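[1] Sharing an experimental structure here, sequence included.
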Amino acid sequence: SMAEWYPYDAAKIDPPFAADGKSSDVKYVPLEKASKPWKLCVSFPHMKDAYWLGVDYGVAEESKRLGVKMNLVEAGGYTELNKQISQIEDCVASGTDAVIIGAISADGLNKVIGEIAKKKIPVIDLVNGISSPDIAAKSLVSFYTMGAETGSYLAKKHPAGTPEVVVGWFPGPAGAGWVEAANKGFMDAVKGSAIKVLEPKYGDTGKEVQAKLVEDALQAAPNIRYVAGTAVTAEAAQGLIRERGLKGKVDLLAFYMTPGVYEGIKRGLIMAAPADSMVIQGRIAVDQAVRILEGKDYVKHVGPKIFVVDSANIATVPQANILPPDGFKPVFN
Ligand SMILES: [Cl-]
């Protein structure tokens, strides 16, 4: 039979949950099987995009592999904190062994998580990050690291002492936590190289908004060498580059992964983007839950090791570790 997803390159944080904990590289090894058909309640913010479809795929496939029963519910959007609270309350009242949560906000579920913990039910923090002290384990990554890996990739191509090259940087909506973290990471990582970054151009992750920013930047700086920023930005920039006759003169990068960015890399139109292996974040959360329920050793705070995908390695990575399969329909049971 064909290779399993594991062992998988990961990075764990010690002390776990510490805001200043140290990262170390480790291979993540899950259990071969669960000892019983544990019931896992899985609460998602929504099922509206490819990203959370990818997390769904990981949770469903890892639950199947281990032999456990997943019951997944989704709240319909990031406006829906109250529905996520009720859906979690309800899955616990109905009876469950552990709860895996992709939280709509960092603090908003803290009250209900505290109440669940009083019932000796493990709660796993999946992807987004929860500030509750009653979390048993985290399966997630940092957007600082996503930005940093994107920046280091470019900085290696353009080391100190080589000719200055200009990057147009389009980080997403100003002041958003994830954006400001990716920004700091990107800027820290390119420091001391021949990269010059233009002042950041923020805006909402709308296609037209980001296209207009890139247009305006190209007008102002005709010699821009790279356009880097959100996946929305990189996807929208492909057409602009084509229309302006800049293909191969300006390269595109995103600081996170989407199907559109993936196809772009495949087709030679987008140069690179990091992958957080969100499918594997889903799988690890399930493995963590099972290990806790069975009293086994587990890694308390861990994420997949972030790596940059480009033409030279995209064919070497199974898509299903970093995106949902094409055509995949969401699974709830
Ligand atoms: Cl949403």
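    Noted; the coordinates are in hand. Numbering: from 1, shown residues only.

[2] Enumerate the residues of the stretch 1-150 of the chain near the ion.
    Within the stretch 1-150 of the chain, the positions near the ion by C-beta under 5 Å from the ion are 46, 77, 78. Any C-beta I mention is one placed from the backbone N, CA and C, and that applies to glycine too.

[3] neighbour-wise, which of the residues you listed leads?
    When neighbours are taken as other C-beta atoms under 10 Å, the top entry among these is residue 46 (17 neighbours).

[4] coming back round to it: next step: the residues of the stretch 1-150 of the chain next to the ion restricted to strands.
    Among those, DSSP state E puts none in strands.

[5] neighbours of the closest residue to residue 225 other than its chain neighbours, just the number please.
    What sits nearest to residue 225 in space, not counting adjacent residues and going by C-beta to C-beta, 6 or more residues apart in numbering, is residue 165, at 4.2 Å. By the measure other C-beta under 10 Å, the count of residues near residue 165 is 16.

[6] For residue 312, see how far away residue 165 is.
    20 Å (C-beta to C-beta, to the nearest Å).

[7] With residue 162 instead?
    In terms of C-beta to C-beta, residue 162 sits 20 Å off from residue 312.

[8] Confirm residue 290 sits in a helix?
    Yes - counting by DSSP: H, G, I helix; E, B strand; the rest coil, residue 290 is located in a helix.

[9] list the contacts for it?
    31, 34, 38, 66, 68 (C-beta atoms under 8 Å, 6 or more residues apart in numbering).

[10] of all those residues, which comes closest to the ion?
    Sorting these by distance to the ion puts residue 68 at the head of the list, at 27.9 Å, by C-beta to the ion.

[11] hang on, the closest one packs against residue 41?
    No - contact criterion C-beta atoms under 8 Å: residue 68 and residue 41 do not qualify, at 11.5 Å.

[12] residue farthest from the centroid of the protein?
    In the chain, residue 161 marks the outermost C-alpha relative to the chain mean, sitting 33.8 Å out by C-alpha atoms, centre = their mean.

[13] Can you get me a residue count around the residue in the stretch 201-333 of the chain positioned nearest to the ion?
    Nearest residue of the stretch 201-333 of the chain to the ion: residue 205, at 11.2 Å (C-beta to the ion). For residue 205, the count of nearby residues is 16 (other C-beta under 10 Å).
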